[PDB]
Amino acid sequence: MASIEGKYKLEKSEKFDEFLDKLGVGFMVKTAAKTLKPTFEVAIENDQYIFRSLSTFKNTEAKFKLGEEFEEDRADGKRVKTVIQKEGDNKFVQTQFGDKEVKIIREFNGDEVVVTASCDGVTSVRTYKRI
C-alpha cells in the first residue's frame, strides 16, 4: 500500500492494434489509443483490491482478492480468466485467458506506470500517466 492507488490514463499508444487482438476489443480502443480515453483506477483498500477498468470498450469496476483466479463476464461482454497479483509492493502482474493467455505487467515509478503486455507472440508497451 505505498500510495500505489490512484487514477491513470493511456499515454503511449504503441503496438496497441496488435495487443488489442488479445484484449478482445476492436476499433473502439484503436481510436481511444489516438487519445487517453482508456484509463484505470487502482484502489487498494485494507480488505480487498478494487480494479477499476475504463478501457476494454466498457468502463466498469471489479473487486477481488490478491492472487485470486476466476473466469467471469467482464469488459464489452467477454468471459475470460482474471488473476491480479501485486509483485512485492510496486510491480503488478495480471493474466487473462483473453484469446489464449495474455500477461500484463504494470510498475509504479511514482508519477507514471510502465506497462508490459505479452501473449503467445504479441508484446505491447505503454506508459500510463497517473494523477
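Quick reminder, even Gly has a Cβ in these numbers, built from the backbone with ideal geometry, and neighbours come from all protein chains shown. Quick note: the coordinates plus some simple rules give every number you see, no bench work behind them.
The table below gives the values:
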read-out: Region 49-104 - percent relative contact order, Cα under 8 Å, separation 6 or more; value: 21
read-out: Sequence-distant residues sharing a close amide H with residue 127 (under 5 Å, placed H); value: 11, 12, 13, 115
read-out: Extended-chain gain in nm, criterion 0.36 nm per residue less alpha-carbon gap, residue 15 and residue 43; value: 7.3 nm
read-out: Helix-only [θ]222 nm of the chain, DSSP H runs n ≥ 4, -39500 (n - 2.57) each, per residue, nearest 500; value: -2000 deg cm²/dmol
read-out: Over 22 Å between alpha carbons, listed pairs 12/81; 91/129; 7/81; 37/78; 7/34; 100/129; value: 12/81; 7/81; 100/129
read-out: GluC sites (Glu not before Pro) restricted to DSSP loop in region 46-105 with at most 11 other C-beta within 10 Å; value: none
